[PDB]
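This report concerns only the one structure given below.
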Amino acid sequence: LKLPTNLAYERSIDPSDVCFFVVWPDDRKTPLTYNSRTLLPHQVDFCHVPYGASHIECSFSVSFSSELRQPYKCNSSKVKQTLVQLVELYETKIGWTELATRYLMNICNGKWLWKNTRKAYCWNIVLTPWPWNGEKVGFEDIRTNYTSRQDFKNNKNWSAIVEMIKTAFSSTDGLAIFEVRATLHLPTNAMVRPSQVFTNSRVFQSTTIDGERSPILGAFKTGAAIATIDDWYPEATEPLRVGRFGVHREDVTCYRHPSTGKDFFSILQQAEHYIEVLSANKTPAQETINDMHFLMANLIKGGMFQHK
Amino acid sequence: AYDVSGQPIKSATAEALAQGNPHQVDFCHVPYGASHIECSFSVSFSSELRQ
Amino acid sequence: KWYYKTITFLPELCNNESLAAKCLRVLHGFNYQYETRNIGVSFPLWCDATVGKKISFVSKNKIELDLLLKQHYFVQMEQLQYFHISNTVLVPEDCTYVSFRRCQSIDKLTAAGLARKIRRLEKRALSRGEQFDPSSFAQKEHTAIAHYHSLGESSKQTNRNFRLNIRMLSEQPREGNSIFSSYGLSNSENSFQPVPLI
Amino acid sequence: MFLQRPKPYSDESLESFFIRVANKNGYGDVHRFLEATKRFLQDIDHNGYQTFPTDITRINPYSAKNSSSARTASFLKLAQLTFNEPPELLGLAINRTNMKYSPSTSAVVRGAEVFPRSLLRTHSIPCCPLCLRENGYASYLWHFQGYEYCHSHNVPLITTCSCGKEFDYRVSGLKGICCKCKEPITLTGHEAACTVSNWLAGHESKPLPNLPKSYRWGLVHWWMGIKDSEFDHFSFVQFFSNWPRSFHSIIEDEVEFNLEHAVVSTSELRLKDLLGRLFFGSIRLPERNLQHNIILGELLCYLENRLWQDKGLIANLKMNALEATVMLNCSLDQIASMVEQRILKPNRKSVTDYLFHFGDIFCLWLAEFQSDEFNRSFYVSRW
Amino acid sequence: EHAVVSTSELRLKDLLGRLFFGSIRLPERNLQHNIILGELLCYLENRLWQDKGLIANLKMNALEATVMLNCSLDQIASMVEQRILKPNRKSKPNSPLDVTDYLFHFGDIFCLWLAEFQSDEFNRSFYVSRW
Ligand SMILES: [Zn+2]
Numbered sequence: 001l002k003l004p005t006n007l008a009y010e011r012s013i014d015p016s017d018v019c020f021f022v023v024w025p026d027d028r029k030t031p032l033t034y035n036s037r038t039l040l041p042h043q044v045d046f047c048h049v050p051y052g053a054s055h056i057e058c059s060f061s062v063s064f065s066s067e068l069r070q071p072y073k074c075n076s077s078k079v080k081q082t083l084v085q086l087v088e089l090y091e092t093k094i095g096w097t098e099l100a101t102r103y104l105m106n107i108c109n110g111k112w113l114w115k116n117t118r119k120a121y122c123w124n125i126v127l128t129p130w131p132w133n134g135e136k137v138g139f140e141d142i143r144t145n146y147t148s149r150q151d152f153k154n155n156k157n158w159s160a161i162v163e164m165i166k167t168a169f170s171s172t173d174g175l176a177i178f179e180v181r182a183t184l185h186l187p188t189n190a191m192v193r194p195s196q197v198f199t200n201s202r203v204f205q206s207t208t209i210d211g212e213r214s215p216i217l218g219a220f221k222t223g224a225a226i227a228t229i230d231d232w233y234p235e236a237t238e239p240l241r242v243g244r245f246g247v248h249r250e251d252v253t254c255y256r257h258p259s260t261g262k263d264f265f266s267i268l269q270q271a272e273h274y275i276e277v278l279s280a281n282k283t284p285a286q287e288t289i290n291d292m293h294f295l296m297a298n299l300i301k302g303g304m305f306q307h308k
Numbered sequence: 001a002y003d004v005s006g007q008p009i010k011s012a013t014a015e016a017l018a019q020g021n022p023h024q025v026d027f028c029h030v031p032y033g034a035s036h037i038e039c040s041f042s043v044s045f046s047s048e049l050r051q
Numbered sequence: 001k002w003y004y005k006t007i008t009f010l011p012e013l014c015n016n017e018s019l020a021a022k023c024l025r026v027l028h029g030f031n032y033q034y035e036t037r038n039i040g041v042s043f044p045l046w047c048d049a050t051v052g053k054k055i056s057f058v059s060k061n062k063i064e065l066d067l068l069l070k071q072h073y074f075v076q077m078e079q080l081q082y083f084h085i086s087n088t089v090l091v092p093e094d095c096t097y098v099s100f101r102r103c104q105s106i107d108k109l110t111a112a113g114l115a116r117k118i119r120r121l122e123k124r125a126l127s128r129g130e131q132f133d134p135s136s137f138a139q140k141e142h143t144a145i146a147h148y149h150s151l152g153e154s155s156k157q158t159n160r161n162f163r164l165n166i167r168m169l170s171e172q173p174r175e176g177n178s179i180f181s182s183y184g185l186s187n188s189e190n191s192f193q194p195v196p197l198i
Numbered sequence: 001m002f003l004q005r006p007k008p009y010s011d012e013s014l015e016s017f018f019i020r021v022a023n024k025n026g027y028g029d030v031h032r033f034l035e036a037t038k039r040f041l042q043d044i045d046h047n048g049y050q051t052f053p054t055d056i057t058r059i060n061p062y063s064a065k066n067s068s069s070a071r072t073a074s075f076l077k078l079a080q081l082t083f084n085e086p087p088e089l090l091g092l093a094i095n096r097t098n099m100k101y102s103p104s105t106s107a108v109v110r111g112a113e114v115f116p117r118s119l120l121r122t123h124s125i126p127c128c129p130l131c132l133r134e135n136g137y138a139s140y141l142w143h144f145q146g147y148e149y150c151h152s153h154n155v156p157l158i159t160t161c162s163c164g165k166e167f168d169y170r171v172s173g174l175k176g177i178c179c180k181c182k183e184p185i186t187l188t189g190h191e192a193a194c195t196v197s198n199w200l201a202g203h204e205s206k207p208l209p210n211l212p213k214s215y216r217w218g219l220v221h222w223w224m225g226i227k228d229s230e231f232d233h234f235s236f237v238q239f240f241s242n243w244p245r246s247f248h249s250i251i252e253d254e255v256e257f258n259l260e261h262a263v264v265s266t267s268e269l270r271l272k273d274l275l276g277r278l279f280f281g282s283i284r285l286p287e288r289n290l291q292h293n294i295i296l297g298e299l300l301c302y303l304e305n306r307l308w309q310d311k312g313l314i315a316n317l318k319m320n321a322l323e324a325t326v327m328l329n330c331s332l333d334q335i336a337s338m339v340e341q342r343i344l345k346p347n348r349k350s351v352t353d354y355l356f357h358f359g360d361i362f363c364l365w366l367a368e369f370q371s372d373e374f375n376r377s378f379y380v381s382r383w
Numbered sequence: 001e002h003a004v005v006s007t008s009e010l011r012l013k014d015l016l017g018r019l020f021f022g023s024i025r026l027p028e029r030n031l032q033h034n035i036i037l038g039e040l041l042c043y044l045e046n047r048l049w050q051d052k053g054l055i056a057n058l059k060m061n062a063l064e065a066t067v068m069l070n071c072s073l074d075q076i077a078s079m080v081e082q083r084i085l086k087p088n089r090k091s092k093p094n095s096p097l098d099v100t101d102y103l104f105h106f107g108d109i110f111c112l113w114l115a116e117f118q119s120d121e122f123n124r125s126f127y128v129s130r131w
């Protein structure tokens with residue numbers, strides 16, 4: 001399967017910025033503020049929880065959508081068919097439940113709160129899905145409960161949420177919006193770690209709430225956190241952020257390097273093979289459904305699979 | 001990482017594909033407390049198609 | 001009557017702040033060994049980037065200067081030729097006096113210091129029966145601070161890691177009062193005192 | 001957290017240890033305990049934060065690639081931060097090692113004993129169901145493709161039951177209940193292999209030598225090197241039944257056949273041709289410690305005695321420089337420095353060309369490279 | 001006490017230099033016999049993380065990793081391109097291997113000896129089960 005000159009996918013998981021708020025024992029919310037120290041112009045910033053702050057809310061909104069069904073561009077329809085059929089046959093044979101679960105787990109346990117949970121007493125993820133009929137779905141004390149996939153499945157509203165997500169991923173035009181709020185508890189005067197801005201010098205990426213500036217975890221940082229599902233790779237140890245070549249950031253070197261045949265554009269070169277491997281009435285191997293899981297997640301991330 | 005005709009690049013090592021390159025994008029998003037987004041414009045239909 | 005004895009750090013690879021902090025540690029241990037307080041310090045190369053290769057000990061007393069400078073740690077890093085000890089010299093021509101002061105107001109700017117300040121304030125105000133709201137004392141958004149250097153330090157009686165945020169401010173040799181802080185710095189509450197920057 | 005360890009055994013697989021520490025302190029299933037320790041390594045800052053394993057099949061550091069360092073750090077921390085008294089948790093871990101076995105094959109060490117990678121049971125690890133029920137732990141030896149009978153019960157290891165069409169304690173739980181049907185799992189040239197398996201554990205067996213339990217697996221891998229596959233215990237035990245006789249016959253038979261069937265004449269005959277497979281297939285087992293590497297010992301003894309028998313046909317065998325760097329542990333750099341210093345005799349003047357004999361190199365190893373254990377005196381005072 | 005450098009840059013060559021690199025190969029590093037390397041390694045392991053990782057965060061150079069655990073600096077290059085090692089500083093372009101600059105932490109090299117390099121007798125289990 002050749003790689004066309006115009007191929008692009010629009011992303012399905014669309015998160016928003018993660019805005020922080022501080023809740024005082026009077027139960028009113030004031031946005032976080034961060035010192036910006038400068039020595040005499042490196043301007044290192046410092047965001048710590050205020051003194052009397054009872055706890056800290058972290059709100060954001062993530063939208064799952066069925067933008068992965070049709071490629072946003074294919075200058076050659078011959079490849080558009082083999083990808084829309086790829087998605088259809090994936091969904092039919094191995095349903096969306098695995099990708100949906102591995103996304104909603106990152107949503108529902110604090111994983112978008114990247115480092116802000118190292119020293120936290122307890123954080124509760126309250127979740128308000130949009131096409132919803134019940135109340136809010138709330139997970140609490142995520143290091144005491146909801147520690148593994150099973151504990152998630154044990155919550156009474158979990159199946160409905162995953163069903164909504166796989167619907168949004170299934171329907172021709174479905175979507176599913178979640179407003180997530182994390183009532184996080186930190187020790188007195190604890191460090192919050194919003195996303196640094198790209199430029200020692202630590203300068204925070206920030207927004208303005210109530211006219212005054214507050215620190216945020218970027219929408220792209222959060223999208224990176226929700227997409228740490230890629231545990232299917234050679235000698236897989238811990239999940240990666242889904243990428244065309246599974247990259248790591250702490251230890252720079254990149255797994256799924258296209259030398260191995262487990263990058264993206266290599267297992268896309270075999271999409272025709274995967275079509276017939278799924279089309280058989282018999283179930284496919286575990287490794288090949290791992291390859292196709294990574295392929296589907298890489299479509300959900302969307303992007304540009306071109307060669308100009 | 002690949003050149004045309006599907007051949008890996010010997011210089012794109014597993015440390016070269018891992019280097020994070022930066023981009024710059026303009027980012028617009030609803031403020032936090034904002035209720036909703038108004039969007040206003042005016043469209044005028046006319047008979048400039050007769051002649 | 002300013003005697004001074006400088007010390008220059010030899011090793012071409014050395015973190016001067018650490019060595020200066022250890023010199024001040026041992027100076028402090030001295031000033032608490034004998035209750036003398038009349039040995040001040042100076043940094044004849046107080047560059048922008050770092051404290052320089054030198055730390056000088058200045059005193060009106062002559063016996064205490066060389067009594068200190070032959071302490072155990074100094075003779076030890078002398079035989080290992082890390083340090084270079086000079087002799088007890090006077091200097092009346094280097095009128096280029098400065099004041100190395102422990103700028104304590106820098107520790108009230110770190111978040112864990114603002115926490116201390118607010119906790120103390122409310123502990124006071126509630127004793128005064130006043131109403132204290134810790135939700136108003138918001139952190140300053142931009143606190144640009146003057147250039148300074150920091151020497152980490154610890155207390156033997158209670159283990160903690162504070163820092164002498166030492167800062168050099170120019171001055172004129174207004175009077176020899178002959179009193180320094182235990183860390184050999186000039187502090188405003190005690191008799192402020194300049195020192196000859198050799 | 002804080003845990004208590006159970007009755008630590010010496011020969012107990014790491015996974016077995018984690019099972020019997022999970023089901024001892026507070027956890028129902030060991031998987032929960034793995035997530036608990038991962039949360040622990042979250043709480044105290046660490047590097048096993050990311051790569052600490054939660055599936056029990058891949059706990060031993062040889063499973064993680066480019067994370068074995070972190071996993072051993074993790075085991076070190078666990079061993080001195082999470083128990084009432086510190087356990088020997090790291091010694092039970094099967095981790096990689098740098099040393100190889102003779103033909104281009106890597107090795108994995110556990111405790112003080114290094115096994116070849118060639119026989120590791122990457123999957124479908126057997127068990128002694130009886131020993132499971134009595135002792136309550138899984139011995140490590142079950143992981144290797146030599147241990148085919150329980151050295152304590154002389155029973156073949158149950159790899160697949162009737163209820164469970166394939167079984168392993170790493171999912172069972174150190175108890176006799178199959179995967180599908182809950183019931184006792186206990187079902188069932190026997191002695192020709194029982195002695196071998198008992199000798200594989202640190203023990204003695206009448207025909208097999210008293211080598212260190214790192215060199216026993218070396219013997220086994222070498223035997224599979226001769227017998228092109230299919231390690232059978234009977235031929236092994238009978239081969240060590242007449243030990244100095246059988247191997248001497250083998251090297252004679254291999255050496256004589258090579259000399260007739262050689263296609264190029266005598267003077268240019270090389271030693272990878274004659275004595276090609278035995279010599280280099282025994283030179284590095286656990287290591288060339290001639291006291292323990294009994295095979296290389298006997299081979300070198302036999303070669304030394306017959307060094308000059310037929311025109312020194314053995315002694316004047318051309319070996320390339322790179323084969324001298326194997327014959328005696330050295331660098332092509334260092335043998336180059338030796339020959340330009342005129343230590344060796346590059347028969348033709350002027351680097352991977354065959355320019356040196358065996359005899360001049362054997363005496364060279366005797367003179368300038370005889371190590372502490374790679375030593376001549378270990379084999380000369382043998383049978 | 002007399003370290004002319006801070007702790008975050010304190011190396012192993014100076015702190016504990018003569019003892020370690022003076023006992024690493026008395027005749028050869030068999031930890032059952034090389035009793036002094038055995039006890040030094042036991043002491044260091046038992047105090048790897050004592051004071052916010054004092055011993056653990058000790059700077060080590062490639063030419064010291066090659067002697068703490070037998071391998072050639074080219075094999076170390078192969079270990080650090082495979083990211084089995086943790087080169088705390090980034091050499092962005094094309095990996096120019098500098099074998100002299102203090103780049104690894106001792107703790108993370110002690111652990112790398114504990115797996116990937118625990119050879120036949122250069123083995124941890126020889127010293128831990130001692131006095
Ligand atoms: Zn048994």
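Chains as they are written, first to last, in the working numbering: chain R, 1 to 308; chain A, 1 to 51; chain X, 1 to 198; chain L, 1 to 383; chain D, 1 to 131.
Heads up, the beta-carbon is just placed ideally off N, CA and C, and yes, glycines get one too.
Is any heavy atom of ligand 1 found at a distance shorter than 6 Å from the C-beta of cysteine 127 (chain L)? no
How about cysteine 150 (chain L): is its Cβ closer than 6 Å to a heavy atom in ligand 1? yes
Please name the residues in the stretch 26 to 43 of chain A whose beta-carbon is closer than 9 Å to at least one beta-carbon of chain R, in chain order. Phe27, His29, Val30, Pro31, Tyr32, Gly33
Answer with yes or no whether the minimum CB distance from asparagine 159 (chain X) to chain D is below 7 Å. no
Can you determine whether any heavy atom of ligand 1 sits closer than 6 Å to the C-beta of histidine 185 (chain R), and answer yes or no? no
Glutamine 7 (chain A): buried (16+ other C-beta within 10 angstroms of its C-beta) or exposed? exposed
Answer yes or no: does any C-beta atom of chain R fall closer than 7 Å to that of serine 124 (chain L)? no
Could you give the distance in angstroms between the alpha-carbon of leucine 73 (chain D) and the alpha-carbon of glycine 38 (chain D)? 24 Å
Beta-carbon of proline 87 (chain L) versus every beta-carbon of chain D: anything under 7 Å? no
Counting Cβ pairs closer than 8 Å, one from the stretch 138 to 155 of chain L and one from the stretch 114 to 123 of chain L, do we hit at least three? yes
Alpha-carbon to alpha-carbon, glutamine 104 (chain X) and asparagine 187 (chain X): 9 Å
Counting only Cβ pairs nearer than 9 Å, list the residues of chain R close to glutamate 48 (chain A). Under the 9 Å cutoff, chain R gives no residues; its nearest Cβ is about 34 Å from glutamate 48 (chain A).
Which residues in chain A have a C-beta closer than 9 Å to the C-beta of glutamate 81 (chain D)? List them in chain order. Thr13, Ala14, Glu15
Is any non-hydrogen atom of ligand 1 found closer than 6 Å to the C-beta of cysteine 58 (chain R), if you look at the structure I gave you? no
Give the list of continuous beta strand (DSSP E) stretches no shorter than 3 residues that lie fully inside the stretch 7 to 40 of chain R. 7 to 9, 18 to 23, 29 to 31, 35 to 39
Taking the alpha helix (DSSP H) that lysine 345 (chain L) belongs to, which residues open and close that run? Careful: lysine 345 (chain L) lies outside any alpha helix (DSSP H) and carries neither H nor E.
With distances taken from CA atoms, which of X:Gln71, X:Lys140, X:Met168, X:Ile118 is nearest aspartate 133 (chain X)? X:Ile118
Within 10 angstroms of its Cβ, does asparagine 106 (chain R) collect 16 or more other Cβ (buried), or is it exposed? buried
If the cut is a Cβ gap below 8 Å, which residues of chain L does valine 99 (chain D) touch? The premise fails here: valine 99 (chain D) is roughly 16 Å from chain L at the closest Cβ pair, so nothing lies under 8 Å.
Between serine 129 (chain D) and chain X, is the shortest Cβ-Cβ distance under 7 Å, so that the two count as touching? no
Curious, which full-length beta strand (DSSP E) runs of at least 3 residues does the stretch 42 to 99 of chain R contain? 44 to 46, 55 to 65
Pick out whichever of R:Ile94, R:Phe64, R:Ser159, R:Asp14 has its Cα sitting closest to the Cα of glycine 223 (chain R). R:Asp14
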